[PDB]
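Below is model-v4.cif, holding mmCIF, N, CA and C atoms.
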```
data_my_file
loop_
_atom_site.label_atom_id
_atom_site.label_comp_id
_atom_site.auth_asym_id
_atom_site.auth_seq_id
_atom_site.Cartn_x
_atom_site.Cartn_y
_atom_site.Cartn_z
N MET A 1 11.00 3.70 13.37
CA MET A 1 11.34 4.81 12.43
C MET A 1 10.73 4.52 11.05
N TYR A 2 9.41 4.69 10.96
CA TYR A 2 8.68 4.45 9.70
C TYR A 2 7.73 5.61 9.42
N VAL A 3 7.52 5.93 8.13
CA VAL A 3 6.59 7.01 7.75
C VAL A 3 5.42 6.40 6.99
N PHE A 4 4.19 6.76 7.41
CA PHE A 4 2.98 6.19 6.79
C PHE A 4 2.15 7.28 6.10
N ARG A 5 1.55 6.91 4.96
CA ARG A 5 0.72 7.83 4.19
C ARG A 5 -0.58 7.13 3.74
N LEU A 6 -1.72 7.78 4.00
CA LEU A 6 -3.03 7.24 3.61
C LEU A 6 -3.79 8.27 2.77
N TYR A 7 -4.41 7.78 1.70
CA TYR A 7 -5.14 8.64 0.76
C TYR A 7 -6.64 8.47 0.89
N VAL A 8 -7.35 9.61 0.86
CA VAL A 8 -8.81 9.63 0.90
C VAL A 8 -9.36 10.60 -0.14
N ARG A 9 -10.63 10.40 -0.54
CA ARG A 9 -11.26 11.27 -1.54
C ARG A 9 -12.29 12.19 -0.88
N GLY A 10 -12.02 13.50 -0.90
CA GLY A 10 -12.93 14.50 -0.32
C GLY A 10 -13.29 14.14 1.11
N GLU A 11 -14.60 14.19 1.41
CA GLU A 11 -15.10 13.84 2.74
C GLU A 11 -16.09 12.68 2.62
N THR A 12 -15.64 11.48 3.01
CA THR A 12 -16.47 10.28 2.96
C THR A 12 -16.45 9.56 4.31
N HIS A 13 -17.63 9.19 4.80
CA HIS A 13 -17.74 8.49 6.08
C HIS A 13 -17.02 7.15 6.01
N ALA A 14 -17.18 6.45 4.88
CA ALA A 14 -16.53 5.16 4.67
C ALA A 14 -15.01 5.31 4.68
N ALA A 15 -14.52 6.39 4.04
CA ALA A 15 -13.09 6.66 3.96
C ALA A 15 -12.48 6.88 5.35
N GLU A 16 -13.20 7.63 6.19
CA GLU A 16 -12.74 7.92 7.55
C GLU A 16 -12.74 6.66 8.41
N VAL A 17 -13.79 5.85 8.25
CA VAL A 17 -13.91 4.59 8.98
C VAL A 17 -12.77 3.65 8.54
N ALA A 18 -12.55 3.60 7.22
CA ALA A 18 -11.48 2.80 6.64
C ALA A 18 -10.13 3.29 7.12
N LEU A 19 -9.97 4.62 7.20
CA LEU A 19 -8.70 5.21 7.65
C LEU A 19 -8.42 4.82 9.09
N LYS A 20 -9.44 4.95 9.93
CA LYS A 20 -9.33 4.59 11.34
C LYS A 20 -9.09 3.08 11.49
N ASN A 21 -9.80 2.29 10.67
CA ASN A 21 -9.68 0.83 10.70
C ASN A 21 -8.29 0.39 10.25
N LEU A 22 -7.77 1.05 9.21
CA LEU A 22 -6.44 0.77 8.69
C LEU A 22 -5.39 1.20 9.71
N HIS A 23 -5.61 2.38 10.29
CA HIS A 23 -4.72 2.91 11.32
C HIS A 23 -4.71 1.95 12.52
N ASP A 24 -5.91 1.53 12.90
CA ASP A 24 -6.12 0.62 14.00
C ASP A 24 -5.44 -0.73 13.76
N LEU A 25 -5.64 -1.29 12.56
CA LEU A 25 -5.05 -2.58 12.21
C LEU A 25 -3.53 -2.50 12.16
N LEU A 26 -3.01 -1.38 11.62
CA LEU A 26 -1.56 -1.18 11.52
C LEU A 26 -0.91 -1.08 12.90
N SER A 27 -1.58 -0.40 13.84
CA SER A 27 -1.06 -0.23 15.19
C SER A 27 -0.93 -1.56 15.88
N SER A 28 -1.98 -2.37 15.77
CA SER A 28 -1.99 -3.70 16.37
C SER A 28 -1.01 -4.63 15.66
N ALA A 29 -0.94 -4.50 14.33
CA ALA A 29 -0.06 -5.32 13.51
C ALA A 29 1.41 -5.05 13.83
N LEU A 30 1.74 -3.78 14.08
CA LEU A 30 3.13 -3.38 14.36
C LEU A 30 3.31 -3.01 15.82
N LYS A 31 4.28 -3.66 16.47
CA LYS A 31 4.59 -3.40 17.87
C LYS A 31 5.07 -1.95 18.06
N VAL A 32 5.94 -1.50 17.15
CA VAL A 32 6.51 -0.14 17.22
C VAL A 32 5.51 0.93 16.72
N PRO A 33 5.57 2.18 17.26
CA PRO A 33 4.66 3.29 16.81
C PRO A 33 5.06 3.84 15.44
N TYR A 34 4.11 4.51 14.78
CA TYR A 34 4.36 5.10 13.46
C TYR A 34 3.56 6.40 13.28
N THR A 35 3.96 7.20 12.29
CA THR A 35 3.29 8.47 12.00
C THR A 35 2.49 8.37 10.70
N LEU A 36 1.20 8.72 10.77
CA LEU A 36 0.31 8.65 9.61
C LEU A 36 -0.32 10.01 9.34
N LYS A 37 -0.26 10.44 8.07
CA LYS A 37 -0.83 11.73 7.66
C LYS A 37 -1.96 11.53 6.65
N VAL A 38 -2.95 12.42 6.68
CA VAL A 38 -4.10 12.34 5.77
C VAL A 38 -3.87 13.25 4.56
N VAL A 39 -3.99 12.67 3.36
CA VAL A 39 -3.78 13.41 2.11
C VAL A 39 -5.05 13.40 1.26
N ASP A 40 -5.49 14.59 0.85
CA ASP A 40 -6.68 14.74 0.01
C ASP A 40 -6.31 14.54 -1.46
N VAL A 41 -6.76 13.42 -2.02
CA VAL A 41 -6.45 13.06 -3.41
C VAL A 41 -6.99 14.11 -4.38
N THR A 42 -8.23 14.55 -4.15
CA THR A 42 -8.88 15.51 -5.04
C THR A 42 -8.25 16.90 -4.96
N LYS A 43 -7.79 17.28 -3.75
CA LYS A 43 -7.22 18.62 -3.54
C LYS A 43 -5.81 18.76 -4.13
N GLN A 44 -4.94 17.76 -3.88
CA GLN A 44 -3.55 17.81 -4.36
C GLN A 44 -3.34 16.91 -5.62
N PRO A 45 -3.30 17.47 -6.86
CA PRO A 45 -3.05 16.66 -8.10
C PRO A 45 -1.69 15.96 -8.10
N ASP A 46 -0.69 16.59 -7.48
CA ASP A 46 0.68 16.06 -7.52
C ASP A 46 0.75 14.65 -6.94
N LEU A 47 0.23 14.48 -5.72
CA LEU A 47 0.23 13.16 -5.08
C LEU A 47 -0.78 12.21 -5.72
N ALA A 48 -1.98 12.72 -6.02
CA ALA A 48 -3.05 11.90 -6.59
C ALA A 48 -2.70 11.37 -7.98
N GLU A 49 -2.14 12.24 -8.81
CA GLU A 49 -1.78 11.90 -10.18
C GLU A 49 -0.58 10.98 -10.20
N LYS A 50 0.44 11.36 -9.43
CA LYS A 50 1.67 10.61 -9.34
C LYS A 50 1.42 9.22 -8.76
N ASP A 51 0.55 9.17 -7.75
CA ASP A 51 0.25 7.91 -7.05
C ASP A 51 -0.64 6.97 -7.89
N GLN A 52 -1.26 7.51 -8.96
CA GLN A 52 -2.11 6.70 -9.85
C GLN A 52 -3.19 5.92 -9.07
N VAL A 53 -3.98 6.66 -8.28
CA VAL A 53 -5.05 6.07 -7.47
C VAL A 53 -6.35 5.90 -8.29
N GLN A 54 -6.90 4.67 -8.28
CA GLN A 54 -8.15 4.36 -8.98
C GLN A 54 -9.28 4.12 -7.97
N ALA A 55 -9.08 3.15 -7.06
CA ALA A 55 -10.08 2.83 -6.03
C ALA A 55 -9.55 3.18 -4.64
N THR A 56 -10.37 3.89 -3.87
CA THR A 56 -9.98 4.38 -2.53
C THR A 56 -10.30 3.36 -1.38
N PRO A 57 -9.61 3.48 -0.22
CA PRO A 57 -8.46 4.44 0.05
C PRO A 57 -7.18 3.86 -0.55
N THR A 58 -6.10 4.65 -0.58
CA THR A 58 -4.81 4.13 -1.07
C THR A 58 -3.78 4.18 0.05
N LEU A 59 -3.21 3.01 0.36
CA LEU A 59 -2.22 2.90 1.41
C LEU A 59 -0.83 2.94 0.83
N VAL A 60 -0.06 3.94 1.23
CA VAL A 60 1.32 4.09 0.76
C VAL A 60 2.27 4.09 1.97
N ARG A 61 3.21 3.13 1.97
CA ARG A 61 4.19 3.05 3.05
C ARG A 61 5.40 3.90 2.72
N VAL A 62 5.55 4.99 3.48
CA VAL A 62 6.64 5.95 3.28
C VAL A 62 7.91 5.52 4.04
N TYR A 63 9.05 5.83 3.45
CA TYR A 63 10.35 5.44 3.99
C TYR A 63 10.56 5.99 5.43
N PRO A 64 11.50 5.44 6.25
CA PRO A 64 12.44 4.28 5.89
C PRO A 64 11.72 3.01 5.43
N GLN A 65 12.46 2.16 4.73
CA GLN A 65 11.92 0.93 4.14
C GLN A 65 11.11 0.10 5.17
N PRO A 66 10.17 -0.78 4.72
CA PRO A 66 9.83 -1.03 3.25
C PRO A 66 8.87 0.02 2.68
N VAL A 67 9.11 0.43 1.42
CA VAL A 67 8.22 1.37 0.72
C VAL A 67 7.22 0.60 -0.15
N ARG A 68 5.92 0.93 -0.02
CA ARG A 68 4.87 0.21 -0.79
C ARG A 68 3.74 1.13 -1.24
N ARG A 69 3.05 0.69 -2.30
CA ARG A 69 1.85 1.37 -2.78
C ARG A 69 0.73 0.34 -2.97
N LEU A 70 -0.35 0.50 -2.20
CA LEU A 70 -1.51 -0.38 -2.29
C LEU A 70 -2.75 0.45 -2.58
N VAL A 71 -3.39 0.16 -3.71
CA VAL A 71 -4.56 0.93 -4.14
C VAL A 71 -5.74 0.01 -4.50
N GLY A 72 -6.93 0.33 -3.95
CA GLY A 72 -8.15 -0.42 -4.25
C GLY A 72 -9.22 -0.13 -3.23
N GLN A 73 -10.38 -0.80 -3.38
CA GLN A 73 -11.47 -0.65 -2.41
C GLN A 73 -11.02 -1.27 -1.10
N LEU A 74 -10.33 -0.47 -0.29
CA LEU A 74 -9.76 -0.98 0.99
C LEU A 74 -10.75 -0.85 2.15
N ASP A 75 -11.73 -1.76 2.18
CA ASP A 75 -12.72 -1.79 3.27
C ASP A 75 -12.66 -3.12 4.07
N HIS A 76 -11.67 -3.99 3.75
CA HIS A 76 -11.51 -5.28 4.45
C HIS A 76 -10.04 -5.58 4.80
N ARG A 77 -9.84 -6.45 5.80
CA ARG A 77 -8.50 -6.81 6.30
C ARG A 77 -7.70 -7.72 5.37
N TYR A 78 -8.37 -8.38 4.41
CA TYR A 78 -7.67 -9.33 3.52
C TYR A 78 -6.51 -8.63 2.78
N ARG A 79 -6.80 -7.46 2.18
CA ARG A 79 -5.77 -6.71 1.45
C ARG A 79 -4.64 -6.27 2.39
N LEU A 80 -5.02 -5.83 3.58
CA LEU A 80 -4.06 -5.39 4.59
C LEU A 80 -3.21 -6.57 5.07
N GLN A 81 -3.83 -7.74 5.17
CA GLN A 81 -3.15 -8.95 5.63
C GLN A 81 -1.98 -9.33 4.71
N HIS A 82 -2.19 -9.28 3.37
CA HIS A 82 -1.07 -9.58 2.43
C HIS A 82 -0.04 -8.42 2.44
N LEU A 83 -0.53 -7.21 2.73
CA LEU A 83 0.30 -6.01 2.76
C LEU A 83 1.40 -6.14 3.82
N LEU A 84 1.02 -6.65 4.99
CA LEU A 84 1.97 -6.83 6.11
C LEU A 84 2.99 -7.94 5.84
N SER A 85 2.62 -8.90 4.97
CA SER A 85 3.50 -10.02 4.66
C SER A 85 4.81 -9.53 4.01
N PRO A 86 5.96 -10.23 4.23
CA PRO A 86 7.27 -9.80 3.65
C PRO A 86 7.34 -10.05 2.15
#
```
Would you mind writing the file out in structure tokens?
Amino acid sequence: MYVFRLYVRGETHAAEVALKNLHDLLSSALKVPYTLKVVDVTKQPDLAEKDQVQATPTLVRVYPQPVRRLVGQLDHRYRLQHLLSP
């Protein structure tokens, strides 16, 4: 029972690959299934502005807990690896 949110900018091949890679890593990382939705940072100011995104993609863990916000050039597993840590 977890809600997942991933942020991307417009239409980028790297962003989609990163999204799939992050989705892929999360699935393998977590035994239990989860729901992930795609949010357009440029299209929706409310989420983009509120989320304070600088470098894409931005990984936000939606409730139930744990709730997290991770923002940066997310093209490698190192950032994701510390993200999974308690």
Practice task
Taking the file as shown, find all residues satisfying the PyMOL selection byres (((chain A and resi 60-74 and name CA) around 12) and name CA) and write them as number ranges by chain.
Solution key: A: 1-9, 14-22, 26, 34-39, 47-48, 50-59, 75-86
Mind working out the centre and edge lengths of an axis-aligned box for region 37-44 of chain A, all listed atoms inside, 8 Å added to each side, rounded to one decimal in Å and written as JSON?
```
{"center_x": -4.6, "center_y": 14.6, "center_z": 1.2, "size_x": 24.6, "size_y": 24.3, "size_z": 29.7}
```
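The gap separating atom C of residue 33 (chain A) from CA of residue 13 (chain A) is 25.1 Å, in Å to one decimal.
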Exercise for the section: Just say which residues the PyMOL selection byres ((chain A and resi 10) around 6) picks in this file, as a list in words. Expected result: residues 8, 9, 11, 12, 40, 41 and 42 of chain A
Exercise for the section: Name the residues of region 1-57 of chain A that come out as alpha helix (DSSP H) in a backbone DSSP run; write them as number ranges by chain. Expected result: A: 13-29, 45-51
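Interatomic distance, atom N of residue 27 (chain A) against CA of residue 44 (chain A): 25.8 Å.
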Select from region 2-56 of chain A everything DSSP, run on the backbone, classes as strand (DSSP E), then give the selection as a PDB file with N, CA and C atoms, in the coordinates of the input.
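Heads up, here's the output in states_27.pdb:
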```
ATOM      1  N   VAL A   3       7.520   5.930   8.130  1.00  0.00           N
ATOM      2  CA  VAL A   3       6.590   7.010   7.750  1.00  0.00           C
ATOM      3  C   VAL A   3       5.420   6.400   6.990  1.00  0.00           C
ATOM      4  N   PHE A   4       4.190   6.760   7.410  1.00  0.00           N
ATOM      5  CA  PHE A   4       2.980   6.190   6.790  1.00  0.00           C
ATOM      6  C   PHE A   4       2.150   7.280   6.100  1.00  0.00           C
ATOM      7  N   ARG A   5       1.550   6.910   4.960  1.00  0.00           N
ATOM      8  CA  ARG A   5       0.720   7.830   4.190  1.00  0.00           C
ATOM      9  C   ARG A   5      -0.580   7.130   3.740  1.00  0.00           C
ATOM     10  N   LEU A   6      -1.720   7.780   4.000  1.00  0.00           N
ATOM     11  CA  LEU A   6      -3.030   7.240   3.610  1.00  0.00           C
ATOM     12  C   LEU A   6      -3.790   8.270   2.770  1.00  0.00           C
ATOM     13  N   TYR A   7      -4.410   7.780   1.700  1.00  0.00           N
ATOM     14  CA  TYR A   7      -5.140   8.640   0.760  1.00  0.00           C
ATOM     15  C   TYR A   7      -6.640   8.470   0.890  1.00  0.00           C
ATOM     16  N   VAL A   8      -7.350   9.610   0.860  1.00  0.00           N
ATOM     17  CA  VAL A   8      -8.810   9.630   0.900  1.00  0.00           C
ATOM     18  C   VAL A   8      -9.360  10.600  -0.140  1.00  0.00           C
ATOM     19  N   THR A  35       3.960   7.200  12.290  1.00  0.00           N
ATOM     20  CA  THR A  35       3.290   8.470  12.000  1.00  0.00           C
ATOM     21  C   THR A  35       2.490   8.370  10.700  1.00  0.00           C
ATOM     22  N   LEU A  36       1.200   8.720  10.770  1.00  0.00           N
ATOM     23  CA  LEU A  36       0.310   8.650   9.610  1.00  0.00           C
ATOM     24  C   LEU A  36      -0.320  10.010   9.340  1.00  0.00           C
ATOM     25  N   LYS A  37      -0.260  10.440   8.070  1.00  0.00           N
ATOM     26  CA  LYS A  37      -0.830  11.730   7.660  1.00  0.00           C
ATOM     27  C   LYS A  37      -1.960  11.530   6.650  1.00  0.00           C
ATOM     28  N   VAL A  38      -2.950  12.420   6.680  1.00  0.00           N
ATOM     29  CA  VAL A  38      -4.100  12.340   5.770  1.00  0.00           C
ATOM     30  C   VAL A  38      -3.870  13.250   4.560  1.00  0.00           C
ATOM     31  N   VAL A  39      -3.990  12.670   3.360  1.00  0.00           N
ATOM     32  CA  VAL A  39      -3.780  13.410   2.110  1.00  0.00           C
ATOM     33  C   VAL A  39      -5.050  13.400   1.260  1.00  0.00           C
ATOM     34  N   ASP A  40      -5.490  14.590   0.850  1.00  0.00           N
ATOM     35  CA  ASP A  40      -6.680  14.740   0.010  1.00  0.00           C
ATOM     36  C   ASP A  40      -6.310  14.540  -1.460  1.00  0.00           C
TER      37      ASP A  40
END
```
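You will find atom N of residue 32 (chain A) at 29.5 Å from atom C of residue 46 (chain A).
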